[PDB]
Amino acid sequence: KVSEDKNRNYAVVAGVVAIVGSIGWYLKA
Amino acid sequence: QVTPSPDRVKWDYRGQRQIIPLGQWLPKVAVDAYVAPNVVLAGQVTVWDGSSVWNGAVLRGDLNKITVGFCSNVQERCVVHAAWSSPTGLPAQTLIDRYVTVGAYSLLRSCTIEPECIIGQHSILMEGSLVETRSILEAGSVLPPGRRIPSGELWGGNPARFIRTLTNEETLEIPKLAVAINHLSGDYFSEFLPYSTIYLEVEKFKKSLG
Amino acid sequence: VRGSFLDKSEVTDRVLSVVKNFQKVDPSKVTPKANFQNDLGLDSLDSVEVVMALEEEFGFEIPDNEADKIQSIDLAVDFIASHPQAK
Amino acid sequence: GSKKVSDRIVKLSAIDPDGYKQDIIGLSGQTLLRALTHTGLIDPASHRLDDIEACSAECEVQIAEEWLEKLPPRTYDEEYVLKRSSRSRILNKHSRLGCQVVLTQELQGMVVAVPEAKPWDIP
Amino acid sequence: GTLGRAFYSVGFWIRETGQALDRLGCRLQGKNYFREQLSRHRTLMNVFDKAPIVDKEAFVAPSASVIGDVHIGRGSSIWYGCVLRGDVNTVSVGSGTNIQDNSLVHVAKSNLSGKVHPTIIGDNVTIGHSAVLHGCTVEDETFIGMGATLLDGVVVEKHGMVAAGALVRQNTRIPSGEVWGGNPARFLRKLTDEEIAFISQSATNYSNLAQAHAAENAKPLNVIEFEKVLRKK
Amino acid sequence: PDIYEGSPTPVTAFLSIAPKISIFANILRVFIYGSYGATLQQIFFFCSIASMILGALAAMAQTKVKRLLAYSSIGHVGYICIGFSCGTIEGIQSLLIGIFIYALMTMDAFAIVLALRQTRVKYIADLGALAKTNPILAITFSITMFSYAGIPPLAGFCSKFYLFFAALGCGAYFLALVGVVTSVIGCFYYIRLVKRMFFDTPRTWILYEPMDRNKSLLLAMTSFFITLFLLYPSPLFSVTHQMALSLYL
Amino acid sequence: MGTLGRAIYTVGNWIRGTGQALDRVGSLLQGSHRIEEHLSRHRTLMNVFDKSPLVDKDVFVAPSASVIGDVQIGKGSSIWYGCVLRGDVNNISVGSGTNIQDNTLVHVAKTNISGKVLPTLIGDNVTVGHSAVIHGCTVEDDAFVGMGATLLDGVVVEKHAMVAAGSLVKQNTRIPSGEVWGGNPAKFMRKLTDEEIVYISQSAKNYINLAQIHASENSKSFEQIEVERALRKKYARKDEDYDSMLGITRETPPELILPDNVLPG
Ligand SMILES: C/C=C/C(=O)SCCNC(=O)CCNC(=O)[C@H](O)C(C)(C)COP(=O)(O)OP(=O)(O)OC[C@H]1O[C@@H](n2cnc3c(N)ncnc32)[C@H](O)[C@@H]1OP(=O)(O)O
Ligand SMILES: CCCCCCCCCCCC(=O)SCCNC(=O)CCNC(=O)[C@H](O)C(C)(C)COP(=O)(O)O
Ligand SMILES: [Fe+3]
Ligand SMILES: [Zn+2]
């Protein structure tokens with residue numbers, strides 16, 4: 001029901017932020 | 001008295017594990033080698049690049065090292081084993097060198113096969129025996145312990161006896177046979193993706209069971 | 001040039017002199033093939049003495065299982081002429 | 001079965017750096033180095049080929065003169081390798097490259113001295 | 001042909017991508033069961049388009065290996081540990097034929113030693129335990145002894161018997177009613193009518209025993225053993 | 001040569017590239033930007049000639065891969081210093097181009113050496129039958145070796161071309177002779193490695209563990225650059241010309 | 001855990017759904033030709049005709065072995081990889097401390113052509129070599145059957161008797177004690193020395209030790225398999241120099257150490 005590894009969740013969020021930031025960086029440059 | 005145990009497994013849903021480690025003895029398979037799904041490799045087994053091991057073969061390296069050299073093939077239902085020591089006194093590892101064709105249903109134990117040889121189907125090579133380079137054994141041959149197959153000759157029988165001397169074209173044919181068998185094994189290698197989908201079947205078989 | 005073994009003839013000579021100088025060994029039965037017990041009249045205590053007299057002369061220690069396969073002058077010379085630790 | 005591995009077996013003895021003598025076994029037609037590596041007297045990893053171009057005298061042995069008569073004389077390349085690989089850069093007259101000695105039936109009973117191993121694993 | 005092989009290859013690229021995606025989805029949920037070493041053995045395996053065609057009445061043991069173009073007829077049986085490989089050429093097995101445990105029925109892997117002969121097994125044929133048939137033909141109602149080896153080009157005529165442990169050399173034609181044995185196989189004696197009766201009765205019995213074995217293997221997999229293996233400590 | 005051989009192989013890889021860039025920058029800014037007689041140019045000229053000769057002969061003598069690469073690097077610094085000696089804008093440009101191409105080629109070679117060091121490659125003879133046991137790797141190492149030898153159209157040909165161009169312009173003919181002889185010697189001892197991987201049939205083979213993804217990606221990129229740089233070389237030429245002028249103006 | 005954990009769980013569910021849909025689309029492009037791998041249906045131990053195999057507690061049965069029907073296996077025995085012991089039409093009995101090596105077939109006969117049809121009886125401390133065929137015969141205690149041998153119905157191998165490797169022993173043949181037979185057909189070769197009797201006994205005793213390590217490995221669960229895979233990876237190489245700089249000594253865990261009775265020394 002829930003993923004419990006909090007470090008893994010933080011890393012997943014960091015990877016998502018990296019991807020979305022790269023997309024926005026390209027789109028606004 | 002034969003006293004059974006209730007917890008002995010009668011049906012293992014995983015089947016037989018292909019790679020059987022024994023302590024720190026982990027079988028080593030080259031990334032470009034073909035090993036059939038129902039093969040068992042146990043212990044000190046090294047399967048090198050371009051080599052193939054076919055259905056029903058058993059390679060048990062629990063007493064000594066077992067090596068399948070470059071572009072060598074062990075065919076269907078062969079058993080390759082090894083002993084602690086050889087009657088000859090030489091190291092008793094089972095060494096299958098490069099470009100060696102081990103015919104189906106052959107039994108090898110603590111024998112050395114030099115490069116570019118052919119072992120006929122249903123042959124037996126016993127402890128400490130040596131097959132020198134560029135030799136061919138006929139199907140059904142039995143090589144007793146410590147016996148030797150001289151280079152450039154054709155041998156066969158039970159026990160193996162000298163038949164004749166090989167022509168040079170015949171000896172050129174051997175690595176070609178090994179290469180052709182490797183080419184065939186590539187077709188089987190391409191039928192398997194790096195992961196199976198069995199784990200999904202295990203998942204649903206669990207889910208149906210709560 | 002540097003050598004790693006004593007010359008065989010030079011060893012034969014050094015061993016021949018050691019065995020002869022040992023008392024109870026008359027310089028008449030001492031041939032390069034002569035045996036200590038059967039042909040020289042040396043018992044076990046005298047026989048072990050000869051072998052370690054070979055250790056002092058050549059300045060190295062003979063493992064015991066080799067000290068036993070040295071029952072004659074050939075076997076001793078065969079051993080010292082092929083042992084690198086001999087000097 | 002007419003032909004046997006024991007036909008090719010050449011008896012040998014090897015004296016280790018600590019001085020203890022060992023009876024070792026090798027096939028005629030193969031090198032002395034391979035016989036020495038069967039039992040680990042010389043590390044097989046330190047000398048994997050029997051080629052003079054892959055040799056830094058890791059296979060070096062010392063042989064008494066009564067057995068040197070029975071071997072082919074050292075070639076120039078062998079003596080070059082032995083001399084350069086010496087610590088003192090002195091050629092040893094009893095030294096042979098084990099990878100260049102081929103065992104024969106005429107070498108039965110030969111005694112070989114195994115010197116202390118040189119470093120070989122270049123970082 | 002080439003187009004089918006290209007489509008089969010491109011399908012593997014899409015499948016490998018999908019399976020990797022599924023593994024990513026499990027890793028996000030903290031599941032690692034995809035790492036379990038489970039047997040990839042298939043009783044019936046295809047080599048591209050070459051797939052085994054097996055009659056609905058023919059019993060095949062789950063541990064048997066049937067590879068490529070392999071035809072099995074009605075009432076036939078493939079027992080435990082048997083291997084049948086039909087890649088470079090076809091393997092056909094007639095009706096009412098039993099291939100006993102650990103037998104190997106295969107064709108040549110390469111055409112280096114000549115054109116690759118197929119393997120033909122007739123009807124009501126008995127193949128004994130651990131026999132090796134390589135590119136030969138076996139006619140109807142013949143007996144192949146356990147541990148026998150038949151090389152390529154071998155013809156075993158109807159009512160012919162290969163003794164146990166016999167090595168039949170290449171292109172060796174066994175005439176009808178003859179017992180051949182030894183290494184190499186040579187004529188030994190003529191077959192008797194009682195032997196012919198026993199051959200037929202044996203193949204009929206094996207079809208009935210195979211029916212029994214095909215029923216017990218069909219039993220649903222025990223969930224108790226599954227739970228025992230899952231809960232080991 | 002001794003330090004390159006004795007250090008761990010990653011250390012050798014780092015020393016064969018990074019410190020050359022830093023010190024050639026220092027040399028160009030201390031002397032070219034400076035002012036003295038041709039004395040210093042004669043210093044680098046004579047050192048270049050000695051370096052080519054000694055590097056070529058000593059590399060010809062080597063039986064081990066690392067020592068061969070070390071002496072090859074010595075020969076190539078000689079080739080590079082020829083560009084400093086002539087004292088022109090094109091001399092500095094060609095020196096920068098040579099440093100760049102030698103760095104890329106050296107990284108290619110050391111990626112191959114580090115890949116083979118998992119099996120403890122030590123001798124040139126250890127590469128026997130590599131064209132059989134890993135055909136793509138043997139071709140990649142051969143492309144690098146032919147680039148090292150300067151055979152066109154590979155990227156290594158630029159250094160040879162400028163060596164001969166500066167000599168026939170600065171008026172030197174002894175230098176041209178030395179370059180010809182050293183180039184031929186270098187070609188011999190480079191193609192010896194191709195002969196070992198492709199032509200020899202040793203009794204005993206060495207089977208090498210496949211390399212990791214990092215080295216394979218770097219090898220693929222450097223191999224594409226080596227085979228294809230001369231098809232589209234303009235950015236390197238223009239950036240090196242830009243740098244050469246930034247030194248003075 | 002929490003809202004972020006649930007969100008990532010739902011996203012992973014979507015990702016798995018997409019992955020399986022892509023897998024199906026690829027399968028359709030393959031032309032439905034590839035046969036799918038399925039859950040293993042091999043039964044190591046199986047009943048037939050209401051007969052259940054009777055296996056002692058400390059018997060190594062390889063998972064790939066097929067033990068079927070009325071089969072009895074005694075203490076300390078071992079059934080190796082690919083072995084088939086089909087006791088469906090008659091009884092198969094295996095004694096204590098007996099090894100049946102890889103890819104062996106043991107079968108019985110309901111009725112032989114002539115004489116009295118008997119079950120397959122294998123005694124105690126008996127070695128049966130790799131890929132042997134044992135059909136309706138009797139092997140008494142402390143006997144040796146070489147690899148690739150074939151024993152037909154009615155064969156009797158007596159105590160301290162040896163059948164050589166590759167032998168075809170004809171029906172109703174009796175191998176007397178202290179004798180070694182071989183060939184096709186098998187026949188008397190020579191007498192067995194005392195050292196060879198010692199060899200036979202040491203063979204059975206060595207295989208009881210080998211059976212233990214193989215039985216231990218084959219019965220490990222998924223979690224233990226993964227733990228030991230990680231351990232094996234962690235201890236495959238060493239840097240004892242950096243350990244000495246750190247002042248620590250890394251020890252091999254006991255799960256990776258084999259018992260001394262199986263080591264060559
Ligand atoms: C620790 C684990 C232990 C185990 O479980 S063992 C695992 C599996 N290993 C085995 O089964 C090995 C079994 N060993 C044997 O079978 C072996 O042969 C055997 C042990 C009979 C006999 O081996 P020998 O080397 O001792 O054979 P002989 O000394 O009797 O030679 C007699 C003669 O018979 C002939 N020869 C011998 N053996 C055989 C045969 N069988 N057939 C035909 N012909 C033969 C041959 O012509 C011989 O003449 P030569 O070649 O001139 O010496
Ligand atoms: C530097 C000094 C420090 C050490 C001090 C030394 C002290 C030594 C005193 C103690 C040692 C003994 O007496 S220990 C007593 C030794 N005596 C015996 O062994 C009695 C049996 N005799 C025999 O075995 C033989 O007569 C014999 C001739 C010996 C050999 O046998 P052979 O006939 O087959 O040659
Ligand atoms: Fe050497
Ligand atoms: Zn049967």
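First listed ligand is number 1; within each ligand, the first listed atom is number 1. So that the names make sense, note that chain A is the first sequence line, chain B the second, and so on, each numbered from 1. We use all heavy atoms of the structure for the numbers below, so side chains are in, but hydrogens, waters and symmetry mates are not.
Enclosure of atom NZ in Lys118(D) by more than 12 non-hydrogen atoms of other residues, nucleotides or ligands within 6.0 angstrom is indicated. The local environment of CZ in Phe188(G) is crowded, with over 12 non-hydrogen atoms from other residues, nucleotides or ligands closer than 6.0 Å. More than 12 heavy atoms of other shown residues, nucleotides or ligands fall within 6.0 angstrom of atom CD in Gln202(G). The neighbour count for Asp260(G) CG, taken as heavy atoms of other residues, nucleotides or ligands under 6.0 Å away, does not exceed 12. By the neighbour-count criterion of 12 heavy atoms within 6.0 Å, atom CZ of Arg84(D) is sparsely surrounded, having that number or fewer from other residues, nucleotides or ligands.
In this structure, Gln202(G) does not count as a contact residue of ligand 1, since none of its heavy atoms falls inside 4.0 Å of the ligand. Within the 4.0 Å heavy-atom cutoff, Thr127(G) counts among the residues contacting ligand 1. Ligand 1 does not have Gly129(G) within reach: every non-hydrogen atom of the residue lies 4.0 Å or more from it. Distances shorter than 4.0 angstrom do not occur between any heavy atom of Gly182(G) and any atom of ligand 1. In this structure, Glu127(B) has a heavy atom closer than 4.0 Å to ligand 1. Using 4.0 Å as the threshold, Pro145(B) has a heavy atom nearer than that to some atom of ligand 1. At least one heavy atom of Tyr207(G) sits under 4.0 Å from some atom of ligand 1. Heavy atoms of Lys4(D) approach ligand 1 to within less than 4.0 angstrom.
Under 4.0 angstrom from ligand 1, the non-hydrogen atoms of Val180(G) all belong to its side chain. Within the 4.0 Å heavy-atom criterion, the part of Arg161(B) lying near ligand 1 is the side chain and not the backbone. Here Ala164(G) has heavy atoms under 4.0 Å from ligand 1 in both its backbone and its side chain.
With respect to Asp46(C) and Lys24(C), a salt bridge is recorded, a charged nitrogen being found less than 4.0 Å from a carboxylate O. Salt-bridge formation is not detected for the pair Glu116(D)/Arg87(D): no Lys NZ or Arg NE/NH1/NH2 atom is positioned less than 4.0 Å from an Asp or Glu carboxylate oxygen.
For the pair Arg96(D) and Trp67(D), the cation does not sit on the ring face, since its NZ or CZ is not both under 6.0 Å from the ring centre and inside 45° of the axis.
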Practice task
Dump the intermediate steps for side-chain contact (heavy atoms from CB on, under 4.5 Å) on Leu97(D) and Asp77(D), then the final yes or no.
Solution key: CA-CA 10 Å; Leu97(D) 285 177; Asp77(D) 298 344; over 6 Å; no

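Some N or O of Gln101(G) is nearer than 3.5 Å to an N or O of ligand 1, by distance alone. Of the polar atoms of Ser167(G), none of the N or O atoms is found under 3.5 Å from an N or O of ligand 1, judged by distance alone. On a distance-only criterion, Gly183(G) and ligand 1 share no N/O pair closer than 3.5 Å. When only interatomic distances are considered, the shortest N/O to N/O separation between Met147(G) and ligand 1 falls below 3.5 Å.
Comparing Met189(G), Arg147(B), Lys3(D) by heavy-atom distance to atom 29 (O) of ligand 1, the nearest is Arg147(B).
Using modelled atom types, one finds a donor on one side chain and an acceptor on the other under 3.5 Å when comparing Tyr123(F) with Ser56(D). Looking at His214(G) and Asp62(B), their side chains do bring a donor and an acceptor atom within 3.5 Å of each other. Between the side chains of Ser96(G) and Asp124(G), at least one donor N or O lies within less than 3.5 Å of an accepting N or O.
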Per-pair distances, 0.1 Å, donor-acceptor, side chain in residues 119-128 of chain B, under 3.5 Å, sequence neighbours excluded:
| from | atom 1 | to | atom 2 | distance (Å) |
| --- | --- | --- | --- | --- |
| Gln121(B) | OE1 | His106(E) | NE2 | 3.2 |
| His122(B) | ND1 | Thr149(E) | OG1 | 3.0 |
| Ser123(B) | OG | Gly120(B) | O | 2.9 |
| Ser123(B) | OG | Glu138(B) | O | 3.2 |
| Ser123(B) | OG | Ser141(B) | N | 3.4 |
| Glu127(B) | OE2 | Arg109(B) | NH1 | 3.0 |

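Under the 4.0 angstrom criterion, atom 4 (C) of ligand 1 counts as having a protein heavy-atom contact.
Counting only heavy atoms of the protein, atom 39 (C) of ligand 1 lies nearest to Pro144(B) CG, 4.0 Å. Protein heavy atom at the shortest distance from atom 16 (O) of ligand 1 is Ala165(G) N, 2.7 Å.
With sequence neighbours excluded, the residues that form a salt bridge (charged side-chain N to carboxylate O under 4.0 Å, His left out) with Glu132(B) are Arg148(B), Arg8(D).
The two residues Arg196(F) and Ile124(F) come nearest to each other via the heavy atoms CG-O, 3.3 Å.
Near ligand 2, heavy-atom contacts under 4.0 Å come from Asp43(C), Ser44(C), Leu45(C).
Note on the Fe ion (ligand 3): protein N/O/S atoms under 2.8 Å are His47(D) NE2, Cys55(D) SG, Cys59(D) SG, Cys99(D) SG.
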